[PDB]
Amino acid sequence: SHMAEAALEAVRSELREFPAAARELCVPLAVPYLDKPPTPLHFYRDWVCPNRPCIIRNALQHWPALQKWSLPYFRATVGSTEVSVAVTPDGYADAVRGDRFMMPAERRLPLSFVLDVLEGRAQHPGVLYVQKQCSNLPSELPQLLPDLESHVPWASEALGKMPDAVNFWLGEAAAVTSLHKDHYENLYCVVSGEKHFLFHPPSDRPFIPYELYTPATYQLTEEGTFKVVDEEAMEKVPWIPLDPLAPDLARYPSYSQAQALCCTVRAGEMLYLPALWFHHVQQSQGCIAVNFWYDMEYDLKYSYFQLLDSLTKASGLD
């Protein structure tokens, strides 16, 4: 029917207009800074409920980590501790490589070897990143807990809950985190160096491509090479093929209608990365960071994003 076709083009048109309408109301042109930690209520009303990012300054002054932490300090304090290390040939763990979703090779290594690689004292095949997540800071590096807080009190009070995980990040500058989103409210604390975040708001979903990929894992051979081993037990994983830094607009032309939001988080600063926001992460050499993950609330904003996601696919936009 011709009337049916007109209704579908009106739907597709509304979906395509939504990211611009939403960003005009809800999304800042630049990530704003706070000069000091907000009150819990201010945090909930100004940032959490509206689901929008900010960087908080002067929130890590109680952390001994801010003065002490460095690669030599780590060597002295936890250098012999065994940690899960992610390894990839090119620095892209959990990323689309060709026709597969590639997961990294996980290797258990003393932290001193990571420090050696980062300081150029040693050579290793590929790119190293201590990225395990899964609350790896209390689990693998408990000796470091005295150097920081077990949670961000004003944020825990605001969200009415405690952190579900506290993660330690340490990697080469070549280790890049490709575009993805999380089901968590994220307080990302850069202790040393700098992180470069590229964001897309949830409302850009109509212009963010997703594809289904066979999952596979890198395997490091004794000869210093990387094998691709398929994960037969996993179902195909949906992932964003697109590289926000050099997007393949010939394949995904509609991505040009998305709009990226960029910011840099420096030592001493805390990024609030709101739940469901797409993000892509780069780092300076041996950047040290800690992030607190608080579980998001499964509320109206979550239901709406599920609708937006489903409609993006049902309508043919993705």
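Numbers for residues come from their place in the sequence shown, where the first is 1.
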item	value
Entry-level comparison of average CA B-factors, 91 to 99 and 137 to 145, reporting the higher stretch	137 to 145
74 to 82 versus 202 to 210 - which carries the larger mean C-alpha B factor in the record	74 to 82
Highest-ranked of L41, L271, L66, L276 once sorted by CA temperature factor in the record	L66
Candidate residues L307, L25, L15, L300, the one whose C-alpha B factor the record puts highest	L25
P53 - which third its CA temperature factor falls in, relative to the rest of the chain	lowest
Chain-relative CA temperature factor third for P244	middle
CA B-factor placement of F113, once the chain's modelled residues are sorted into thirds	highest
Position of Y188 among the chain's modelled residues by C-alpha B-factor, lowest, middle or highest third	lowest
CA B-factor placement of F226, once the chain's modelled residues are sorted into thirds	highest
